Each structure stands twice: as structure tokens, then as C-alpha cells.
Amino acid sequence: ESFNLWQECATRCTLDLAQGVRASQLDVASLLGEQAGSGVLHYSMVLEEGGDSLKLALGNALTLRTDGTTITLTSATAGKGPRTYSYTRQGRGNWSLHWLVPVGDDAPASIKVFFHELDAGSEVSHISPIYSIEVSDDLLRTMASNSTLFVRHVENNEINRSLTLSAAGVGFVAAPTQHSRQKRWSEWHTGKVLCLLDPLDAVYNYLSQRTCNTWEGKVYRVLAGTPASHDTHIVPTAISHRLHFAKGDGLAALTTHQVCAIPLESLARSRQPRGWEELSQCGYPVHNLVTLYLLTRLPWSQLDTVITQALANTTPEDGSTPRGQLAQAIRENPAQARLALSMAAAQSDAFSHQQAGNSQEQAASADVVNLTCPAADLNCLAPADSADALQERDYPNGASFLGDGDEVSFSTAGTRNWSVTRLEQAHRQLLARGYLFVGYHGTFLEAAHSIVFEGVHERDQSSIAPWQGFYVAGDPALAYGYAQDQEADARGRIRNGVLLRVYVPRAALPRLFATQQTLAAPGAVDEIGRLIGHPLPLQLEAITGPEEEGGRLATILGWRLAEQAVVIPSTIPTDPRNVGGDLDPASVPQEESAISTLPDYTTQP
Ligand code: NA
């Protein structure tokens, strides 16, 4: 009842399933060798006739069930119990089974499984989410050395009990022998995991309309069989990447990733537990604030009262209680408490609107769906099967536009390695890649780091409804007033902040509106609502208008547009010795003024 998948099915095999179960050994341990090092195994095969009524076991307690309607994946985990993922087939006929298994002592503690539905031409017509599972330690070792593929027909109305496989094979990509582990595996929990395998590059490129510019010099070495590289002409669509966490700290992990610009794989399960030593300065404090808030079971709606009372420190607190520990954590770093808790609150809110029963409790331990948003498209639709997950939209960020030079970083003493020359180069690159400047954002140092090195993310602004959005000023003097801490840190000092330059995609230009009314006036809500063709809050639109009557101009980017903005540093410094003082007009370099022409905004007739 055995077979050789990689010898018989490398081209095309028809297996008899009439007498029950068929099994093949997937021995990669021999083919790899003693020390082929750290990297990624890519197993793949095409399932043809018989592939719509099957039970496959890719290992002990990893099962695939295909009934023609769904393809379901049941796995044992390193966590509390097994998990089930279910893909609704969008098409009919042949499909590609892919699974990625990392190799090495310091390699990620998850596998990838995903399905590509094929048309008559053997091109990809539909893709599943990339399912990322923190499997049992047993599966991590087994699926990387010697694993057994069991195949059983499951009874339906089909008279015949056979399975035709083609293009069965396993490739191995060796990780470039350089770089920290953090950097090596940084794309593991993004759309760009597909970029690590030559045979899946074209799929990432075509769907996203974005280049794979990971691991320069890598070689896709076929170990056995003949893996297929399928072309696709699918209309641009979002690549979904579902991330399971054995620890169940999805919301804490995503917020930590977004606040600290730490790759989400470094906050996943570790094979060799290492503690928080490598991530002690932003990682631990941010993760601890969100964990502690959730343990109090306070609603996110009460965030403003919780922070106000913690900073006042007038009320008597029990330092032993979760409520008291949260309050100490907030005093210990007010800046990142505001940034982190407000970002977690907005994510919990968006999650609760996705479907019924998406409570605060469920958001805390939900999976994360990462979405690779197609370039040259202002709409990034998540697939319906992601309603039960925390959703992160990956768009290009400021970090990818900084050009060549030493590491840009933020401090009270000024922005490091950010010359008038480097900004000019970055600006030209942004204009050439279809962006335009809409003004200045002033903020505190930790917010600047998040916005540039990770990207703009929605923060809870429920108190100012319906005027939620990313606030920008054409005049840097207005932004400057906000480029500082809102209150004293634990050491009792208020720090100067950072001025940032905000760029939106050129396609948004039609929906950048202006008005001569004050942006929180009586009739203004309804007058702006008619101007943008729907009620506030703003979506894929901006509004520019006087902040006060006779005041300077404020620009509000709707959060759905703001997330697609690219933000880079200004060369306009904040004054470390005049914190609360006005911008010195003499400190604005002529070379930055010259590239800061605002676009012509659309007004009411
Ligand atoms: Na992200």
C-alpha cells in the first residue's frame, strides 16, 4: 500500500484508492545532508482527478479534507488544542497544494500551508489565504526530516476511487549566511514570505503589483521531484496571510509590531526561548501595557479615564492588582501608553464591526490576518473568511523611501543622518513613484518611529467624532505646536518631538477637498458631508479648512487614506531648549520650502 510521491508523481501518477489508504515517505533528511544549514523547505504537488473527495495527512495530526466545496486544514499546535482552517473553493478542477517548513535551531516555530486553484491552462485562477500555524514541536522536526503522506478517498457519489497527482516535488532555499535572526526571518509573517521561493515570486509580483525587492543571492535547489511554477493573470487582489499564535496574544503582538516596528515573527513562538532581552526598550513595555489593560477587563471606551487617573496619581491604587500594575506601567512611559493603548483600542473597535460576537475578549486572542494591498488601487478588500481575525493592511511605509545612507533615527537632539540632500533624493523618488506632498505632521518621538518605520495606523479618537483622521498642516509652524510630548514622562521631563512630511498617492488628488468654514462648526458636519458625498467620518478623502475662524489651515486625512500615506522626516528640527516655543522661521531650510508646494484642493460650488 506504499508509493514514492517524488519518483512516480514528479511528472504524473494515478494512485488506486479502492483498497483504502496509500502512504509515501517524504525523507528530506537524506537529500538535505548533515549541514545544509538554516532555510525553507517548499513541498508542492498538483491534485487532479480524485482531488475533490480526499483526506490527506501531511504528518501526525496535520490533516487536509477536500469535499469539492471546501479545503479544510486540521493541525495539532504548541498551544491549548488543535485548530481548523476552512477555505471555500472559488473554482472547480485542478489545484496546487503548497507547504513551507522552516529548517534550523533559530528558525520560526510555524509552517505555511496554502492552496492555488488552477484553470484549463494550468494558470492560478484563485488563491487561498497563506495559513500560518504554530504546530507542535513534533510536527516542526518531522516535517523537516522524514514525514509520511497518507492518502484516503472519502465516499461521495463518484464511482471511481483514484487520485491523479502531477508536478510533485520539494525545493530548499538556504538562508543567506549573514544578518541577525530577527532580520533573516522578518518577512516570515508578511505577504513577502512568497518572495523567498523563485517558484512563487510571479504570484506575489502580479497580485500585489509590487516587486519582491528578500534574501539576495538565494538559490531554489530542487531536492526531489519536479515542482511546477504556475503563471497567473488574476486581476490585482489582496494576498491574505492568517497568523495563528500558540500563546493566544494576537492583539498584544500586532500592536507591539505596529508601535515598535518589530517584525511580527520576532513576537511569535520561539523554538529557543530567549526572553525580552533583544526587545526590552519598546517590545516588552508596549506588549506589557496591552496585556495589562486586557487583564483588567475594562472596556477600551474608558482608556482616556484610565490614563488621566494614572497620571494624576491622586486616587489610592493597590499596586498588587492588575488595575494598579496598568497604572504603574502608564506612569513608567506615558508617551507609548497613549500611542500603544489608543492603537489597540482602534484595532479592537474595527474588529468588533467585522461580524457579530467580535467582543473585546475575542479580539485579545484572535488570529492576525495580514493583507498585501495591491499597488495603484486605493481599495484593499479583505476576503470574507477573515471576519473572525484582527486585520492589518500592509502598505509601503516611509522607511522604504529614505534612500541610501546610515540608519535614520529620532532623538531630542535632532533626526540622525537626515540631510537636506537625502530629503531631496527621497522627495524626487516619491514624486516618480506617484505620490504628492499634503503637508507636515508634528508628533512625539515614539509615534514618529512607528509612522516612518512601520506606517500610519489608526488610533482611537472617539471623543472628537465625527472628525477622526490623521491631522496634517500645510504650514510647518502649525504642525510644530504638536511636535512634542503631551505631558511629563516618569523622570518629569517634556521632550521636543519631530516634524514629518506626509505624502498620499496621486490617485487621491480628486478627493482632497477644502472649505472656508471652521472644521468643528455647527453646519460644518453636514456641509462637509455633502461636499464629500457621504456623512463623516472621512474615508478615502481629506478635508482642508480653518482650525479656528481666521485661524491657520488644518488637513484631516481619512484613516483609510492615511494608512496609504508615506511619511518621511522633515529637515526642520524641533528646538530642544524651547519646548512649547514657536517655530523659528529661519530654521526652515530654503531647499525644503521649495519642495513643499501643496496641491490645488477641490472646494464646494
Ligand atoms: Na505591519
# chains A, B, ... in the order shown; residues from 1 in each chain; ligands from 1
call {"tool": "residues_near_ligand", "arguments": {"ligand": "ligand 1", "cutoff": "6 Å", "atoms": "only C-alpha atoms and all ligand atoms", "output": "VMD selection string"}}
result
chain A and resid 258 394 454
call {"tool": "residues_around", "arguments": {"residues": "stretch 220-237 of chain A", "least_positions_apart": "3", "cutoff": "9 Å", "atoms": "only C-alpha atoms", "output": "PyMOL selection string"}}
result
chain A and resi 5-11+28+31-32+43-46+96+118+122-126+166-174+196-200+202-203+206-209+372-375+377+380-381
call {"tool": "closest_residue", "arguments": {"among": "A:540, A:512, A:326, A:572", "to": "residue A:480", "atoms": "only C-alpha atoms"}}
result
A:572
call {"tool": "residues_around", "arguments": {"residues": "stretch 493-497 of chain A", "least_positions_apart": "3", "cutoff": "9 Å", "atoms": "only C-alpha atoms", "output": "VMD selection string"}}
result
chain A and resid 410 to 414 442 to 446 448 480 482 to 490 573 to 580
call {"tool": "select_by_dssp", "arguments": {"residues": "stretch 323-546 of chain A", "states": "strand (DSSP E or B)", "output": "number ranges by chain"}}
result
A: 368-372, 390-394, 409, 416, 435-443, 470-473, 484, 496, 498-505, 512-514, 542-546
call {"tool": "write_last_selection", "arguments": {"atoms": "C-alpha atoms", "output": "PDB file, in the first residue's frame"}}
result
ATOM      1  CA  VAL A 368      -3.999  38.187  12.753  1.00  0.00           C
ATOM      2  CA  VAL A 369      -4.825  38.415   9.013  1.00  0.00           C
ATOM      3  CA  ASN A 370      -2.070  40.399   7.221  1.00  0.00           C
ATOM      4  CA  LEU A 371      -3.226  41.810   3.815  1.00  0.00           C
ATOM      5  CA  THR A 372      -0.760  42.675   0.973  1.00  0.00           C
ATOM      6  CA  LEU A 390      -7.508  41.112  13.527  1.00  0.00           C
ATOM      7  CA  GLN A 391      -6.759  42.743  10.134  1.00  0.00           C
ATOM      8  CA  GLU A 392      -3.536  44.598   9.198  1.00  0.00           C
ATOM      9  CA  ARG A 393      -3.235  46.295   5.770  1.00  0.00           C
ATOM     10  CA  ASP A 394       0.464  46.322   4.642  1.00  0.00           C
ATOM     11  CA  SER A 409      16.651  57.611  13.913  1.00  0.00           C
ATOM     12  CA  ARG A 416      20.163  61.413  12.705  1.00  0.00           C
ATOM     13  CA  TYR A 435       2.961  60.341  -4.534  1.00  0.00           C
ATOM     14  CA  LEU A 436       2.332  64.054  -3.743  1.00  0.00           C
ATOM     15  CA  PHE A 437       3.057  66.156  -0.593  1.00  0.00           C
ATOM     16  CA  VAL A 438      -0.027  67.229   1.512  1.00  0.00           C
ATOM     17  CA  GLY A 439       1.877  68.772   4.473  1.00  0.00           C
ATOM     18  CA  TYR A 440       3.528  68.337   7.899  1.00  0.00           C
ATOM     19  CA  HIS A 441       2.693  66.097  10.885  1.00  0.00           C
ATOM     20  CA  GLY A 442       4.203  67.015  14.289  1.00  0.00           C
ATOM     21  CA  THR A 443       4.334  64.250  16.943  1.00  0.00           C
ATOM     22  CA  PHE A 470      -4.582  61.817  10.556  1.00  0.00           C
ATOM     23  CA  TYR A 471      -4.007  65.590  11.198  1.00  0.00           C
ATOM     24  CA  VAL A 472      -1.609  67.453   8.853  1.00  0.00           C
ATOM     25  CA  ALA A 473      -0.692  71.176   8.323  1.00  0.00           C
ATOM     26  CA  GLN A 484       6.309  67.411  21.491  1.00  0.00           C
ATOM     27  CA  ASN A 496      10.646  68.032  21.951  1.00  0.00           C
ATOM     28  CA  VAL A 498       9.603  65.560  15.314  1.00  0.00           C
ATOM     29  CA  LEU A 499       8.160  67.246  12.176  1.00  0.00           C
ATOM     30  CA  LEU A 500       7.302  64.679   9.440  1.00  0.00           C
ATOM     31  CA  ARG A 501       6.368  65.166   5.747  1.00  0.00           C
ATOM     32  CA  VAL A 502       3.132  63.357   4.624  1.00  0.00           C
ATOM     33  CA  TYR A 503       2.728  62.017   1.012  1.00  0.00           C
ATOM     34  CA  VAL A 504      -0.511  60.488  -0.451  1.00  0.00           C
ATOM     35  CA  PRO A 505      -0.914  58.507  -3.714  1.00  0.00           C
ATOM     36  CA  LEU A 512      -8.539  66.233  -1.410  1.00  0.00           C
ATOM     37  CA  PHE A 513     -11.254  68.805  -0.509  1.00  0.00           C
ATOM     38  CA  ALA A 514     -11.075  72.324   1.043  1.00  0.00           C
ATOM     39  CA  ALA A 542      -9.101  64.637   3.005  1.00  0.00           C
ATOM     40  CA  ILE A 543     -10.654  67.952   4.208  1.00  0.00           C
ATOM     41  CA  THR A 544      -8.574  71.192   4.470  1.00  0.00           C
ATOM     42  CA  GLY A 545     -10.157  74.144   6.380  1.00  0.00           C
ATOM     43  CA  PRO A 546      -9.500  76.844   9.049  1.00  0.00           C
TER      44      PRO A 546
END
call {"tool": "residues_around", "arguments": {"residues": "residue A:30", "least_positions_apart": "4", "cutoff": "10 Å", "atoms": "only C-alpha atoms", "output": "list in words"}}
result
residues 34, 145, 146 and 223 of chain A
